[PDB]
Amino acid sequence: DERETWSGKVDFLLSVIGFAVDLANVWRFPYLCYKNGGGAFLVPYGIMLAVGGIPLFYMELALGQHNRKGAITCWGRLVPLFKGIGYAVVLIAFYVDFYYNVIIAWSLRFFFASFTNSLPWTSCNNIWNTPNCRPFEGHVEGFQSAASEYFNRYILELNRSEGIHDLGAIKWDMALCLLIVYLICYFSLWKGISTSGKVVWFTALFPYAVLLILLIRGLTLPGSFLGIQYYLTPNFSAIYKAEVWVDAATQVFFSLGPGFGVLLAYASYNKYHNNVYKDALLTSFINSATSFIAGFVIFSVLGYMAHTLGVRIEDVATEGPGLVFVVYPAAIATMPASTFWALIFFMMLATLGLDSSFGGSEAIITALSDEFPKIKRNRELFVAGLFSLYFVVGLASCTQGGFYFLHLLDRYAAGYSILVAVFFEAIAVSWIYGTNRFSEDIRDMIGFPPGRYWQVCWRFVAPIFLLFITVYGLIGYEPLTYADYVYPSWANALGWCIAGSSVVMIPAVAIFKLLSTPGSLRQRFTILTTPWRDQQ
């Protein structure tokens, strides 16, 4: 019959914006600027964003709108020989939800920890502290800061684990937090986009209210301007070296999330003649804008720390979870009205993640709802069963050694898998399906064909951009380690199964059905590379 549609067009933009703007906008982009020549980093970042990042973002949004199905069904119809891409991409989204939500739980665990007059991560004189505790970050490995010890010894209890083999007790206060995450996700994704498209109003918008309050509070502290200098002081020497271009390339690729089945699913509920090209430019921009803003919010407070708290800038200008769960909370602890800044900061971190968890789950629910009507007829049923598997195995990550498990998933779940997956997406649409067929479809939707620029980027720039990332990725491999702990050989290999279990779907499904059509080899390719539309 008729496929449902976003109750309103802002539900779509916030769902896309919510999915694209998450914690990596805060804890990686600013760091990369600070590290790769300040403002100058914007050159290769914008070039990598213009030639590689946004072309891919646009492609998947158009594909999703035009073909009107989740990732499995969609790739089945574009190039039947490569329906495997659809499986590979849904699997990668499956693995990622196994750990991405526990990081939202951390957010909530700190939020429920900030309901107090004296934030616990301030001092070095608690039952969980060592004698080597010190009040703020330093540069000597055996002497952690008061906030590093709280996060490590009270919240995680990671000190009580000897590695991936030794997971230890289950922190039920974390398990409780994780379940609150999956409950929020349920009655948001429960009834489909009718309601999901609504809650993203809060989850995608709340982070801007909090970014605004913290931007002001941060810019008005002593030392604020010094931070912005470390953030943006141009130094074009970096641009000469490939590593900057690789960090640019890699950041733009993961910050936009193209070829993950989420943009595909979200757009598939659009109206056929919607100006998906306008939407690609608007939302992709708001994503990079949000990162630029966040840098001021972060480095304002970073300079404050270096001006009044006596810490070396390079000791607090970190990336990843340490920035938001250790360094920035430590600075909040020292300013007036600390309890307020913490409560809203962790509620921002959670809403920054929920948006994106939503999208990952939807890419699965949609893809499966569109290949298995049994599932589409029993959504509430299916989703309840999905988030229960997520939660049950998620408990592995709430154990004392749980971080060792997370770190493993994080590197492998969507590591090289996703690069290969979308590399085959770019090839499929541009070379098997054909930019002609693709441009023609777009003209039928929005009135006009994509410019020659996009056709070129989809055809040549994107795939070189993509394996430019993968080649320097491989060329810099290192066995999995965390802070003096070396993962056993068996743990490493176990991750390769996770990594390759999705990628293999591509050649497997190809082989599986290439061997299932009749006739000459040439007569079987042509059957397997004739689109579904071209056969109506």
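Note that residue numbering follows the sequence shown and begins at 1.
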### Query
Going by the B-factors listed in the PDB entry, is the mean over the C-alpha atoms higher for 233-241 or for 401-409?
233-241
## Note on the structure
Stretch with higher mean Cα temperature factor, 342-350 vs 377-385, is 377-385
### Query
At the C-alpha atoms, which of 157, 444, 149, 425 reaches the highest B-factor in this entry?
425
### Summary
Entry record, C-alpha B-factors for 301, 317, 461, 282; the maximum is at 461
### Query
Lowest, middle or highest third: where is residue 30 by Cα B-factor in its chain?
lowest
### Message
Per the entry's values, where does residue 528 land by CA temperature factor relative to the rest of its chain, in the lowest, middle or highest third?
### Response
highest
### Task
Among all modelled residues of this chain, ranked by Cα B factor, put residue 487 in the bottom, middle or top third, i.e. lowest, middle or highest.
highest
### Task
Place residue 433 in the lowest, middle or highest third of its chain's C-alpha B-factors, as listed in the PDB entry.
highest
## Note on the structure
Among the modelled residues of its chain, the C-alpha B-factor of residue 216 falls in the third labelled highest
